[PDB]
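One chain comes next, on its own, written out as structure tokens in the form deposited in one PDB entry.
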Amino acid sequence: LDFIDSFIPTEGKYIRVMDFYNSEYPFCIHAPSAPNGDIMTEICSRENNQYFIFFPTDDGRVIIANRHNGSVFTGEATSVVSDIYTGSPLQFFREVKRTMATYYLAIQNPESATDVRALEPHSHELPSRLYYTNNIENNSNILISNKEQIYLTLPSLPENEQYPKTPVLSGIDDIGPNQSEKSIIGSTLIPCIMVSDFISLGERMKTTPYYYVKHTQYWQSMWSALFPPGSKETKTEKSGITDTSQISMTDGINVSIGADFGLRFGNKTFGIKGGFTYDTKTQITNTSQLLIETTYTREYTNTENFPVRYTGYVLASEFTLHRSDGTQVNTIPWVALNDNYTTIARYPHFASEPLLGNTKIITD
């Protein structure tokens, strides 16, 4: 076969078992079975408590979740504990490679980006908590090695398509399709700990540690009519996103849509907003105002001297949340209509574009 893949294993996503390099006895880093508790070094036991997945974020830092219950590394006063992910600054760690095989885990004070400490045990012969230390240079007691490395099988992501094409009418009586053909703009991977689902966190970690969000666009029909020559007709058009839809997406993937059609990221997903927007070809909002649903009335005039069939389309963006098996999670549509991008399908095709009149907002 004629192509060579240059992807190197360690630069991907995988499950790992961790132990300290200087440790002679077979101790492994061990997460508590309970959702909350102290991170400890225990005898290596091949249990899910000792299998961890590092979720990479925008700035290189990682979120360290265990394979048992999905709780993550949480930095406290003097030691590291296991707890539920909330997007707290104390749950972001940096993997610093001193050598090709050894590394240490660093956490920086949210109060000062200068105060950075590394994780270190107080014993190699006994079970120990993971304490902080400021002595980093030439200190090998903080060095961690990977006992095991199990590579994940990510779900197949769809190929990106170009922007959706405006529907073409077949005749005068053809109102056209209610929707055009859906085009996939992009898709992005999201850690299971940042989404809502009926599957437990522990089970997600084992079977679908990564979900993915799909971004598709298409033209949505608003109205269609046969315009008499010289006729002026008033049409109702909608734009934005419904309250139900906003709430569903916000609870679903911890993302909302701003009034500038940019994405608002909550505490959970704020750390991956750069990768999220890049993969989905979207933008981060610059306003604090949320997108809402608006109903317009626009006047359209057929300037032609013959009957012309017109159908108004508005550009729609839909987001869907999927599991690793491709199943869609959300049962409520996450759709936003943008009236800045509208197109008027017409028959006959050579007919001119309708003359836009006055626009009024419906206050129901």
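In this text, residue numbers run from 1 along the sequence as written. Basically, rigid core = biggest C-alpha set you can superpose within 1.5 Å across the two forms. Shifts are known only where both forms have a C-alpha.
The following text describes the form deposited in another entry, which does not appear among the structures shown.
> Fix the rigid core, compare C-alpha positions between the shown form and the other one, and report which of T244, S112, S170, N134 shifts by 2 Å or more.
That would be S112.
> Superposing on the rigid core, does the Cα of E11 end up 2 Å or more away between the shown form and the other one?
True for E11: a C-alpha shift of 2 Å or more.
> Thinking of the 3 angstroms or more shift, are the C-alphas of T10 and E148 brought closer or pushed farther apart in the other entry than in this view?
Between the C-alphas of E148 and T10, the gap widens in the other entry (3 Å or more compared with this form).
> Do the C-alpha atoms of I84 and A113 sit closer or farther apart in the other entry than they do here, given a shift of 3 Å or more?
Result: farther.
> After a core superposition, which runs of 3 or more consecutive residues shift by at least 2 Å in C-alpha position between the shown form and the other one?
Core-superposed, displaced stretches are 1 to 7, 9 to 12, 110 to 113.
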